[PDB]
Structures are given as structure tokens and as C-alpha cells.
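Consider the single chain below, provided in C-alpha cells and representing the form deposited in one PDB entry.
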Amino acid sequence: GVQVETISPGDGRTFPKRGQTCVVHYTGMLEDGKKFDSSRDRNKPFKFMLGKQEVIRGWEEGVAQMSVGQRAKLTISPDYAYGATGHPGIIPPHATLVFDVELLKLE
């Protein structure tokens, strides 16, 4: 599944509604802690509609629990990410992923 641990608390009241656009900055790391991709490296946040399956299950459930301004660590089992296949060229097969995600705004 996906486990969430807060790095910096959010407002504790503004949570995403289903289908709402979540604007985030994230850094994804493999289990050895090495970054494989980060929106911060592009200086542009990443956006997705909660529950529209634009992101892995780990994010769909992990970000659902977060509030605006919160920055948290999401640890995601492979089956909640890319499973046995992984994603060629960046994420190996059977990879547990750890993301540092900051929910910046809800539109």
C-alpha cells in the first residue's frame, strides 16, 4: 500500500475533493534513497486530478490524505506503483518508491 509521514504540516483543513486538481512539487526516490525524477528540477509543479488515474495508486491514496501546505513522505509498495514491470529507463521492476510530496494548492 502507501504510508504517509508528514515532513511539514499543512493547514489540516483543506483536503482535495474527488476530481479536484492537485498542484504539487515532488521528488521520487528508489529504495536506496537516490532521486529518479523531481518536478523541482524543472522549477515547475506537476498537476493531476485526484482519482482520474493520471498517477499511480500510491499517489491517488496518499495525496487524498494531505492538506494544502503539507509536505510528506509517501512510501509506496510496488503493486501501488509500477509492479513487476517497473517503468523502462527510470524505475526498475519490483521497486518500492519513496516520494517527498508537497501539496501546494488545490484548484
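Heads up: residue numbers just count along the shown sequence, starting at 1. Here the rigid core means the biggest group of C-alpha atoms that line up within 1.5 Å when the two forms are laid on top of each other.
Enquirer: Do the Cα atoms of 81-89 or of 94-102 sit farther, on average, from the shown structure in 4 other deposited structures of this protein when the rigid core is superposed?
Expert: With the rigid core superposed, the C-alphas that lie farther in 4 other deposited structures of this protein are those of 81-89.
Enquirer: According to the PDB entry, is the CA B factor of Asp79 in the bottom, middle or top third of its chain, that is, lowest, middle or highest?
Expert: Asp79: CA B-factor falls in the highest third of its chain.
Enquirer: Please place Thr21 in the lowest, middle or highest third of its chain according to the CA B-factor in the PDB entry.
Expert: Bottom third by C-alpha B-factor.
Enquirer: For the chain shown, is the CA B-factor of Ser67 in the lowest, middle or highest third of its modelled residues?
Expert: Answer is lowest: the recorded C-alpha B-factor places it there.
Enquirer: What third of the chain, by the recorded C-alpha B-factor, contains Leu103?
Expert: Ranked within chain, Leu103 CA B lands in the lowest tercile.
Enquirer: Determine, from the deposited record, the chain-internal third of the Cα B-factor for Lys35: lowest, middle or highest.
Expert: Tercile = highest for this residue's CA B-factor.
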